[PDB]
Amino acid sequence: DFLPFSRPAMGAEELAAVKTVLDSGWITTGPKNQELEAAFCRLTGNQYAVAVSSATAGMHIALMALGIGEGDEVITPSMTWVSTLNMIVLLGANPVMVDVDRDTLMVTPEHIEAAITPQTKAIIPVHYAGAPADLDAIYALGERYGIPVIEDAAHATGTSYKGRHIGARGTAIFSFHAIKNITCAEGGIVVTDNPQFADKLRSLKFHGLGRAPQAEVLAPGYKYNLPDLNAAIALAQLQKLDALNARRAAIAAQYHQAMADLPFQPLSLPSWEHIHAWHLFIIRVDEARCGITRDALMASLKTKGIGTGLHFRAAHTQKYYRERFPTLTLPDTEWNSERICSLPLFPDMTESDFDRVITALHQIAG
C-alpha cells in the first residue's frame, strides 16, 4: 500500500464538470476559460487573468511580453523549479541567481538589491511552499529601480500576505499541476493589474493572433491555451479551495507537533503577517544532527512504502547551469538543497497515513 507524497483531491464534482464539457461539444478554450479567469480575479482582487496550459508557459509569455531577450538580466533565486531559469535562458536572457533565507527558502530583498544592474529587466520572487515572500520590500525595490516584479505563485493558491491575497496587485503566476493545491492535471493562470500587458499575454498564448477565418498574426506567438475540459476541472477545485487548504493546514499542525520529538528541522515561518497555503511540508535532514543523510532518509521511507519529494535540487547545481555558471556559489541555497525533502501532505491524507509516516520517522530517527 504505497503512500505517495501527494495525491490529487479528485471526486464527483471534477467528473461532473468534465461530463458537462464533453456533452456540450465545446471542449477547447471557450466559456469555461472565461469563467476561470473571472473567478481568479474575484479570488485575488486583481483586475485581469489569462489562463494558460501551465505556469511554465505563463512565465514564458510573461517574460516575453516584457520584451526580455539578449543582453537582459533576470534576477531569480536558484532555489526554485528550473522552469523559470529555462524560460529566462531560452528567451536569450541571462539569469542572475541570488541566495535565499536559510530557514524560509525565500529570496531576500538584500540579495536582490545587490544583484541589480542597469541590465536587470525583471525580478522573480517565489512564494515558497505556501508562504509569502516579503512583497512590501520587493515591490519597493521594483519601484525604486524601475524593474518589473513577476511573482512565481505556483505554491501559493490560497496564500495571503499582510491581509491581502497573493495576486491582488502586481503580476502573479499560479499553477494547476497535479501536485499543486488545486489541479486540472496541467494548467496555470497569469493574474495582472495591467491591461496592455494582459492583452499581450492573451495574444502570445494563442499564436500571436489579435478562431475567426481572417484572424491574423500581429506578432508571432506560441500555443499555450488551456482547454475548457481542463478549465472546468480547475473551476471545480477552486470551489473547494478553503476546505482543501484547511485539510493541508491541519496536517501541517500535526507534523509540527510530531517534529518536536524528532531531530528533523522544518522550515521557519516568515516573520510578516500571512496565511500559509501549506503546499508542502519540508524538513531538513542534516546528517550530523539526525544521524542519517537526506538521500538515505528518502530511500529508507521508500522501503517502508512512503514517498517523499525534493523541492528543490537548486537550479545552479544542475548540469547545464553548473557548466554555465561554474563559479556561482550560494551557501544558504546549497546547504538546504543537500538537506531538504517534502513529506506526505495532501487533502485526502488520513491518520493511518500520517501516523504511518511518523512511525517510519521514529524507526529511522536514531
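Numbering starts at 1 and runs along the sequence shown.
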Practice problem: Pick one of none, 1 to 3, 4 to 9 or 10 or more for the number of deposited-sequence residues not modelled between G210 and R211. | Solution: 10 or more
Quiz item: Comparing 83-91 with 215-223, which has the greater mean CA B-factor as deposited?
Solution: 215-223
Quiz item: Averaged over C-alpha atoms, is the B-factor higher for 189-197 or for 278-286 in this PDB entry?
Solution: 278-286
Exercise. Would you mind checking which of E113, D72, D152, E143 has the top Cα temperature factor in the PDB entry?
Key: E143
Exercise. Could you tell me which one of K240, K205, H177, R248 shows the highest CA temperature factor in the PDB record?
Key: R248
Practice problem: Could you look up the Cα B-factor of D103 in the entry and say which third of the chain it sits in: lowest, middle or highest? | Solution: highest
Self-check item: For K302, the third of its chain into which the C-alpha B factor falls
Solution: highest
Quiz item: Relative to the other modelled residues in the chain, which third contains the C-alpha temperature factor of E338: lowest, middle or highest?
Solution: highest
Practice problem: Grab the CA temperature factor for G130 from the record and place it in the lowest, middle or highest third of its chain. | Solution: middle
Quiz prompt | Modelled-residue ranking by C-alpha temperature factor, third containing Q47 | solution = middle
